[PDB]
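Letters A, B, C, D, E and F name the chains as they come in the text, with residue numbers starting at 1 for each one.
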Amino acid sequence: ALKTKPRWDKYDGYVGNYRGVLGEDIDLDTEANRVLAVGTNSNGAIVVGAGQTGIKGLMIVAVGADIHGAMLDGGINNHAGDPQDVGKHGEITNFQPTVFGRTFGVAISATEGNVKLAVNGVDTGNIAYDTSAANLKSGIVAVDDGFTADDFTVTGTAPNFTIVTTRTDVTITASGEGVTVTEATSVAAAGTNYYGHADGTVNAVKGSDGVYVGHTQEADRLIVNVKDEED
Amino acid sequence: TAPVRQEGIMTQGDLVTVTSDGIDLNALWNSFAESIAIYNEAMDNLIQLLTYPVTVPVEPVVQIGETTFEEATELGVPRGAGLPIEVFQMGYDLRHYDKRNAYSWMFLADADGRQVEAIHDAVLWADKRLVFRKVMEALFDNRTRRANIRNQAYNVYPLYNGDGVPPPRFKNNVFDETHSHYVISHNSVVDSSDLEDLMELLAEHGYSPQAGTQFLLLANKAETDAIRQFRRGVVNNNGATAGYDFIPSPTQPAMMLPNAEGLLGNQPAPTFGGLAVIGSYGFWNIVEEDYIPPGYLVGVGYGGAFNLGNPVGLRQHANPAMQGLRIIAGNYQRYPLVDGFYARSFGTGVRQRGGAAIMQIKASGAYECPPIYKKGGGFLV
Amino acid sequence: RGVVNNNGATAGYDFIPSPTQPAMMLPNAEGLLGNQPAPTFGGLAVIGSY
Amino acid sequence: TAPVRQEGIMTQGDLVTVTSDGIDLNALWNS
Amino acid sequence: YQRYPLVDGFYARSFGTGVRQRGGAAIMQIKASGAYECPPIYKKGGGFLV
Amino acid sequence: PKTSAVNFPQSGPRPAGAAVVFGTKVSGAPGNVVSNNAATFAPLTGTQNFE
């Protein structure tokens, strides 16, 4: 048709897969129809990411869409205080990793002079082949497009940087010679261990906070078996 | 009964049996039936006055639609004409509630049928307390809800609350987007003035004694014990002076008529719908009701030229099998466990948004929903 | 009703005399809004109601 | 608030017709 | 105009007015000083609607 | 209000064999005072004109 989207295939509901209530509203553009790593806050309530307890399960907020492909707003399973289902043991099919915003690797091929990047196709002010991480931020912010500093993050050292963003509607590219840009990408990989994080993302990498949530088999599936986070 | 809730699988040792000294405890489950009946009659009288089956009227928007003649001439011709039209609709929410009961095979081997019938009855009692809470919460919680039908998202509304279509103009009263029927007294104790200020919220839209509108005031004992003191031309709380007499109903204890003139008002019938009326003040029939929390007045209009009705629309699920309280077979069936479910689905919304008003009696700040009728607070009154 | 009695307390009601009490004049020809109490309760004699 | 008069030849674009979502606005002129 | 591209039609009325018994009625305006004013809603040149 | 939107609750047939997933309706339930006093909101028309 056009897209498949993650769903519980096996979820029992008597074996410590549990009902709770949300502590917060779920973002329908950013968090619905995704595999969310979840904990509980200092009240009885489900939160995306590490609450008071750390990660205790996975949640899929299943939401329909209109015939034009937008999410149905008036749902009863996605606002604060709505009831939701959290799984520790089960299978998720049409599985995909979960990531928030956009992130771009920038790297400079030039060893002298200046280079140029485009934000949503409009060109940035010139930046040195040795600009500071502070001056990629200042360059990228400084165009009359209305995004401003408030929704960019930058980190790196002169040869390369990561431009992170919380929004989906901003795209970085190269436009001048002497610089290359790749958006990061995530897709499920067969025979891999997946890991929930304090953000609520589910990824193949355990950093300093990753809590094992399951392993895939064939890439389109996840066998969920949450090694619950502990103190 | 006490606010204590055992949950989980019923096991041996959760059994009730005749005691060693011969007390048949399984005879005693119905021992609160009188209090439950007094609670069942109070809720049913309120539900029958506050609620009605939903309909979807097409809401009229008043339009200009002007045209005029001009003076004719023997040569030449007059100008043309044309007219506008516009309308809207309002909707209702729906939500799903359930409960489970579960027994071990050892429990079911030894149990008296009277014990599992008591658990059934106590679930049927928790069902009333839920549907009554949602009827009250639909009127008391001044927050706007969202719902979806035919892929369209729409607001579900309480009384006028500063959201949605403003009230239409009436005579010279004209209303902006912020207009609200959730108000405060501005004083820590109820005045006769507050019963005038509350009446004005219905009368500003034409729902009025002149229009033939009947009025009901629901209040707690905490307020009615002040309202019983209102004597015409005598000062009350906060320097207010009562414009009318409180008139006791035929059921109340008698009073000496204090003046040759007689009391300014009319003596009410002893009931409004099924509720027991304590008396009137001005045009309000006053009902004593502990299901209204202390420090709140609820004024409701009925009838008149505007044909006011019950404020809250009740929605059932479109599937015939989804309707009423239903008992459902569980996933565990024989051994070692048996389980079963109870489920209800229904919802609410206010279409007639001006026909009632709520006042919180306090000095300052916005109106607060009483916690007992706030949406997130629980499943029992 | 509305008159302060002992210790600063104000009455919510009138004491209403029973039919066995001596006659009295009232400011209004209707006298009472409501009835006088019945003159006996059980087998005891009632002086009035409050 | 104050009245306005539409005047001219009634054209297409002055038509009132059944809405995208099926409201018969032409049942309502007597309102 | 009768078929295509236009159709039109007219409404017409003819009538008028006057007073015979000139003394049989009177109008007072409530004001401190100056002449009687015809109220603009009923002044002859002001329009064709009440 | 001068007319009401016609409600249309059965869009088509309903799936067979689901009759156990929904319970039996207990008859004497005290909360049935509310659902006896309720009706189906399923308007066919004007669904883009909720305001």
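Everything below uses one rule, namely that contacts are C-beta pairs under 8 Å (C-beta built on N, C-alpha and C of every residue); 3 or more make two chains touch, one makes a residue touch a chain.
*Asks:* Select the chain whose centre, defined as the mean of its C-alpha atoms, is least distant from the mean of all protein C-alpha atoms.
*Replies:* B
*Asks:* Tell me which has more C-beta contacts between its two chains, B-C or A-B.
*Replies:* By number of C-beta pairs in contact, B-C is the larger.
*Asks:* Could you state the distance in Å from the CA-based centre of chain B to that of chain F?
*Replies:* That pair's centroid distance is 21 Å.
*Asks:* I'd like to verify one number: the distance from the centre of chain D to the centre of chain E, where each centre is the average of its C-alpha atoms, in whole angstrom.
*Replies:* Computed value for the inter-centroid distance: 30 Å.
*Asks:* Mind checking the centre-to-centre distance between chain B and chain D? Centres are C-alpha means, answer in whole Å.
*Replies:* The separation of the two C-alpha centroids amounts to 39 Å.
*Asks:* Can you check how far apart chain A and chain D are, centre to centre, with Cα atoms defining each centre and the answer in Å?
*Replies:* That pair's centroid distance is 49 Å.
*Asks:* Mark out which residues of chain A touch at least two other chains, giving numbers and ranges.
*Replies:* Where chain A is concerned, no single residue meets two or more other chains.
*Asks:* Can you pull out the residues of chain D that are in contact with at least two other chains?
*Replies:* Residues 9, 23, 28, 31 of chain D each touch two or more of the other chains.
*Asks:* Would you pick out the residues of chain F that each touch at least 2 other chains?
*Replies:* In chain F, 2-3, 5, 46-49 touch at least two other chains.
*Asks:* For a test of understanding, state which residues of chain F touch chain D in their complex under the given definition.
*Replies:* For this pair, the touching residues of chain F are 2-3, 5, 44-49.
*Asks:* Inside the complex, what are the residues of chain C that reach chain B?
*Replies:* That would be residues 1-2, 12-14, 16, 26-36, 49-50 of chain C.
*Asks:* Report the residues of chain D in contact with chain F in the complex, numbered from low to high.
*Replies:* So the residues of chain D in touch with chain F come to 19-24, 27-28, 30-31.
*Asks:* Quick check: in the complex, which residue numbers of chain F touch chain B?
*Replies:* Touching chain B: residues 1-5, 7, 9-10, 14, 18-26, 28-35, 37-43, 46-51 of chain F.
*Asks:* Which of the residues in chain B come into contact with chain A in the complex?
*Replies:* It is residues 95-96, 146-148, 151, 153-154, 331, 375-376 of chain B that touch chain A.
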